[PDB]
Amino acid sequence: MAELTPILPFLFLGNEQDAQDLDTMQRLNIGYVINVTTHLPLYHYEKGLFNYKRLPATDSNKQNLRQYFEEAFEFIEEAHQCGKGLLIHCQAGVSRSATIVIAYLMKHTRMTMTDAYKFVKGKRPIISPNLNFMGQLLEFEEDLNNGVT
């Protein structure tokens, strides 16, 4: 049922239904969760098992996700530093969460935007398109190449 896609051995991508499989998350040694929605609950919050961060974003043609990139990168590095996995999820098409993942692959693994997309698309086959998010990833790639971010 639940597919917590490992983009990297410690970085996982999923949707709303994936984020509710508590046993798999604990078996995968996940200790950090990034919820990239305004309206979904922080699943399992009252159990005190994970560190949470909500990026309150919608899946629209006007939503600004670039503003949250640097905040999400620090949370991922914090999980990376202590040997724990991080799950980033949103909803069915994983448009929002896949944008943050690709951006991290561009920033921390030095993948190009295109190669990062093919990397994620190969492991997570169902990704809904968002031209607004594609444009932001393109602007982010140029800023990386110009050493501006």
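Numbers for residues come from their place in the sequence shown, where the first is 1.
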Entry-level comparison of average CA B-factors, 58 to 66 and 22 to 30, reporting the higher stretch: 22 to 30
Comparing 42 to 50 with 120 to 128, the one whose average Cα B-factor in the PDB entry is higher: 42 to 50
Candidate residues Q91, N35, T109, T99, the one whose C-alpha B factor the record puts highest: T109
Cα B factor band for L86 (lowest, middle or highest third within the chain): middle
Chain-wide C-alpha B factor ranking for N15, given as lowest, middle or highest third: middle
